[PDB]
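Heads up, the thing below is written out as structure tokens.
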Amino acid sequence: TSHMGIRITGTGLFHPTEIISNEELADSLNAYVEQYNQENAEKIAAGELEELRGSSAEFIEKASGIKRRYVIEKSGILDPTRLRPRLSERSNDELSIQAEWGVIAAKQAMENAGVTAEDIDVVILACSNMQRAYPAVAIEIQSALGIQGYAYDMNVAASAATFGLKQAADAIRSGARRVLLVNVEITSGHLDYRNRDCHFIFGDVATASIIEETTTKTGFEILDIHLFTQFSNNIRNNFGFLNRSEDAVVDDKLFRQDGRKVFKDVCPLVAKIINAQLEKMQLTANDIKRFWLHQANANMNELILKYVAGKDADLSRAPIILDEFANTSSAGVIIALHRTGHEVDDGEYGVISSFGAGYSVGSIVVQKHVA
Amino acid sequence: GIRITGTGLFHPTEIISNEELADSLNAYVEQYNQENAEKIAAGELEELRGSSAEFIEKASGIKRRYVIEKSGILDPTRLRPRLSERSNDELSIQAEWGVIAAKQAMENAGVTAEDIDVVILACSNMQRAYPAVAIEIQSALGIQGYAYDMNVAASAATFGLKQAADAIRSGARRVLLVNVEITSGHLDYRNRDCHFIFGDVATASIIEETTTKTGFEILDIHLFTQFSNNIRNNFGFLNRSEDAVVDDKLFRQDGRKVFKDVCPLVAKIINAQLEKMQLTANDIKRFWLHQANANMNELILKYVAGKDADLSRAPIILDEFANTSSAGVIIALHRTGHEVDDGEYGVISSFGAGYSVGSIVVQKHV
Ligand SMILES: CC(C)(COP(=O)(O)OP(=O)(O)OC[C@H]1O[C@@H](n2cnc3c(N)ncnc32)[C@H](O)[C@@H]1OP(=O)(O)O)[C@@H](O)C(=O)NCCC(=O)NCCS
């Protein structure tokens, strides 16, 4: 009863068209590993450097549940002479790529919510990486849509959507009418496509949500929010604007992870959060029609789902979209909600729970209202 | 009832005066021109122009600034601070500065780590994307709850104060707001138009639900953004995939156009806010304005107050720190909030890149 009338009333989804199957990608890494492992063969049999392993489509799917992923530009990523998208600098007078994707997803969420630019007071860009420091990309999006009010960029990586939803609900509580929350994840821009353990994890996407105070629109009423962060170096990327002054050389300016430590750390934390949240609301797990969990690893989600809802929880109650999208970082829970929110009936309960880098966890109990 | 109950400030040790900086750039532009005698004459490359300490101070009021590392900035063969990578086990530079300012703010507010529910890092440039350095600051301080990074450049502190106030109204007890500005990391020291503008600093503030603690109670907030390319830095994580070649990956601005747009917008927002709160300029003890250019602040204060407006009513710290982007208003509040007595009013107004403007009416309580 903290957010009476505050509802997610529309979502929108954009992905780039080109697709990389697990096989195209595992092949690409394999080529690069075969040429690196023989270019440096004199030093491989010398204890000095490195021994590179490849991978296969079946190794990816069993570690993750991922099958394919959308990407901004497929040639450069798959090319073993490059291993990164082939993009072109845009002039200042055109929409940046991040603004461009955000606008596409935003127009869809606005149409789904039945609102236009004049109805929106706040724009939040919340994702794991921003294309530039200033002017804020959220302000670029606000201006492209013709929105008046104010906008800002916000980063807490994997949990940026749930943290942003709280910030949206807070701004509405204090007087905002409606908030546009945008998540643009171009993860192919900071993915290390050379590493077998992480090159498959992420895909590209833009999501958007409309949050409004309303007693007359269909949407998900926000009932309770628990945000949590606890510093961890087990996921980290050291690229930044001070690298040039550091004359940096350490090859750690991309995604890096100790996935085993993350697995062991994150699943118990998330399950503890959700269960304490359910007890606080006096809901049982059986009262929850849908768990929209972070969309990174089906093996994590299955563990959490069993910890929270029981070994016999039906799989339809925890929709998986990472099979199609791979990990879209902050946008994951929103994709899942965008695809399956229609599966929740009026009066029924759902839980949105992000978790990942920073160690950040964000968990939101919602209830559907159909008008 | 929400009050700013404590502020904290940190600046690095080494100081650069305008003449050191002008000397340094003049040496670079002469080496550049003494080299390319041909392409200047060939109508290909333009002849770079130098700088003068006299212009800097008359145009802006800045006299000196604190820098993270001095010799690399002044070196005409380098023109950027000399820094070292730290391993993940060590506190990063941005978190380190933020921790120092935060401890001072916490001590000034009479609160400890267990008292804080949210940490916001709000500034114009984050040292990395993930893990958020606000979470690194939260952990270093032993604070529990949650933390996030937030960027709206010049107005990050005022937007962050609004986000802090909103979280408290939703049930947070107290919020720590940190602004760390290592502008020497993204300034273009080759460009005479902008090399003198920015300095380095960190600031912090404690915001609390209280009616019993000395602080500035927040009474109204107006935030505004309007996209403009007149201040822009195109550096980012997609440059690599772009195979970028254009030399626009540092601070860049058209200063005259910024003045024409932002000055009347600021005067209009502050005046509209005083009307809504049924205050007059005469009711405002102190205006803590963005600390970028003293001449502009003076002109803004004349269009808001009146011909007889004491210049002391708009404190200046940019003479000492230069432009400190998001932290500027907080240095002003920290250095001169003691000059506001019980029941008196103040205005905090940040403005600049994005275009962004944030304006806050406060009232002191003792
Ligand atoms: C950046 C700023 C200090 C420059 O001051 P200014 O009075 O506007 O200077 P101008 O851009 O008009 O140019 C002044 C002249 O001196 C020259 N000049 C510029 N920098 C110089 C320098 N460091 N040294 C010597 N001469 C310089 C210029 O070339 C120009 O001559 P030109 O146009 O024939 O080439 C000022 O414009 C500013 O603060 N802009 C930002 C405003 C803001 O942030 N908020 C607005 C508050 S309302």
Side-chain angles (χ1 to χ4, degrees), chain A residues 20-22 25-26 29 55-70 128 156-162 183 185 187-188 190-193 195-205 207 228 230 232-237 255-274 290-309 311 313 315-337 339-340 351-363, chain B residues 130-131:
Chain A
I20 283 181
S21 80
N22 277 1
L25 186 73
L29 170 65
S55 55
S56 72
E58 198 173 84
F59 153 67
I60 292 165
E61 183 148 2
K62 201 184 194 310
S64 76
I66 304 165
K67 291 181 189 170
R68 38 198 263 259
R69 79 271 299 128
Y70 302 103
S128 75
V156 61
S159 302
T162 57
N183 326 108
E185 296 284 1
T187 64
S188 57
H190 43 116
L191 201 37
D192 189 356
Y193 284 108
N195 194 291
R196 63 162 266 133
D197 293 322
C198 70
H199 78 117
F200 64 89
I201 294 177
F202 293 101
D204 291 357
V205 80
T207 43
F228 174 84
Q230 164 183 96
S232 170
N233 277 302
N234 297 319
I235 309 150
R236 176 141 181 173
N237 178 336
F255 183 86
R256 180 88 65 191
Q257 175 180 237
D258 184 5
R260 173 187 50 73
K261 280 202 212 347
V262 176
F263 199 104
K264 319 308 150 174
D265 286 342
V266 171
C267 295
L269 193 39
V270 174
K272 156 185 180 41
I273 298 309
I274 300 175
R290 290 292 187 272
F291 297 89
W292 298 288
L293 299 183
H294 199 75
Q295 292 294 313
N297 186 342
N299 308 325
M300 278 201 255
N301 295 8
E302 286 156 2
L303 258 298
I304 295 153
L305 179 59
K306 142 172 56 191
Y307 283 11
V308 168
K311 54 182 181 82
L315 292 69
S316 72
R317 290 174 67 208
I320 292 290
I321 56 90
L322 61 104
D323 51 0
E324 174 185 359
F325 286 90
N327 189 1
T328 59
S329 200
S330 68
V333 288
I334 306 302
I335 303 170
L337 172 73
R339 288 284 184 77
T340 65
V351 177
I352 307 167
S353 306
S354 267
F355 41 90
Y359 295 177
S360 57
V361 176
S363 173
Chain B
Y130 45 91

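Side-chain atoms are counted along with the backbone in the values below, which use heavy atoms only and exclude waters and symmetry mates. First the proteins, then the strands, lettered A, B, ... as listed; each starts at 1.
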Shortest non-hydrogen pair, A/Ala298 vs A/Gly65, comes out as CB-CA, 4.2 Å
**Request:** Assess whether side-chain contact (heavy atoms from CB on, under 4.5 Å) is satisfied between A/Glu61 and A/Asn22, documenting all intermediate values.
**Result:** CA-CA 8 Å; A/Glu61 183 148 2; A/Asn22 277 1; 4.1 Å; yes
Does A/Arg236 make a cation-pi contact with A/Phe255, if we ask for NZ or CZ under 6.0 Å from the ring centre and within 45° of the axis?
-> no
Checklist entry - Does any non-hydrogen side-chain atom of A/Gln257 lie less than 4.5 Å from one of A/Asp197? => result no
### Query
Between A/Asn237 and B/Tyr130, is any side-chain donor less than 3.5 angstrom from a side-chain acceptor?
yes
Nearest heavy-atom approach of A/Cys198 to A/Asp192 is SG-O, 3.8 Å
Closest heavy-atom pair, A/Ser55 versus A/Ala26, reported as atoms and distance to 0.1 Å, is O-CB, 3.8 Å
Separation between OG (A/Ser21) and CG (A/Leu25), nearest 0.5 Å, reads 8.0 Å
Are A/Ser360 and A/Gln230 side-chain neighbours, meaning at least one heavy-atom pair lies under 4.5 Å?
no
Is there a side-chain contact between A/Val266 and A/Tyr359 (heavy atoms, below 4.5 Å)? yes
Close side-chain approach of A/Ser363 and A/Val351, heavy atoms under 4.5 Å:
yes
To the nearest 0.5 Å, atom CG of A/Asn299 lies from atom SG of A/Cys267 at 9.0 Å
To the nearest 0.5 Å, atom CZ of A/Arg317 lies from atom CG of A/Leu305 at 7.0 Å
Distance col, row A/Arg290:CZ vs A/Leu337:CG, nearest 0.5 angstrom, shows 11.5 Å
Evaluate the criterion side-chain contact (heavy atoms from CB on, under 4.5 Å) for residue pair A/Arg68 and A/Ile20; output intermediate values, then yes/no. CA-CA 6 Å; A/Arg68 38 198 263 259; A/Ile20 283 181; over 6 Å; no
Counting C-beta onward and ignoring hydrogens, is there a side-chain heavy-atom pair between A/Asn234 and A/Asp265 closer than 4.5 Å? yes
task = Could you tell me whether the side chain of A/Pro319 reaches within less than 4.5 Å of the side chain of A/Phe291, counting heavy atoms only?
result = no
Separation between NZ (A/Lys264) and CG (A/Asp258), nearest 0.5 Å, reads 10.0 Å
Nearest heavy-atom contact between A/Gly203 and A/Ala326 is N-CB, 3.9 Å
Distance-only polar pair, side chains of A/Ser159 and A/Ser354, donor-acceptor under 3.5 Å: no
Checklist entry - Could you go step by step and tell me if A/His294 and A/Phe355 meet the ring-ring contact (aromatic ring centres under 6.0 Å, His included) rule? => result CA-CA 6 Å; A/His294 199 75; A/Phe355 41 90; 5.2 Å; yes
Can you see whether A/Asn327 engages A/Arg69 through a side-chain donor-acceptor pair at a distance of less than 3.5 angstrom? no
Under a 4.5 Å cut-off applied to non-hydrogen side-chain atoms, are A/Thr328 and A/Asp204 in contact? no
Practice problem: Run the salt-bridge test on A/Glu324 and A/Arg339 with the 4.0 Å N-O cut-off and return the result as yes or no. | Solution: yes
Worksheet item: Do A/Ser353 and A/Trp292 meet the criterion of a side-chain donor-acceptor pair at a distance under 3.5 Å?
Response: no
Step by step, would you call A/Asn301 with A/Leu322 a side-chain contact (heavy atoms from CB on, under 4.5 Å)?
CA-CA 11 Å; A/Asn301 295 8; A/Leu322 61 104; 4.2 Å; yes
- Is a side-chain N or O of A/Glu185 found less than 3.5 angstrom from the main chain of A/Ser330, in a donor-acceptor match? yes
Mutual orientation of the aromatic rings belonging to A/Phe200 and A/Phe59 [parallel < 30°, tilted 30-60°, perpendicular > 60°]:
perpendicular
| query | Can A/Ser64 and A/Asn297 be counted as having a side-chain donor-acceptor contact under 3.5 angstrom? | reply | no
Output for pair (A/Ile66 CD1, A/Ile321 CD1), nearest 0.5 Å, gives 10.0 Å
List the steps, then state whether side-chain contact (heavy atoms from CB on, under 4.5 Å) holds for A/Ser128 with A/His190. CA-CA 10 Å; A/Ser128 75; A/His190 43 116; 3.8 Å; yes
Q. Taking side chain as C-beta onward, heavy atoms only, is A/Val270 less than 4.5 Å from A/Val308?
A. no
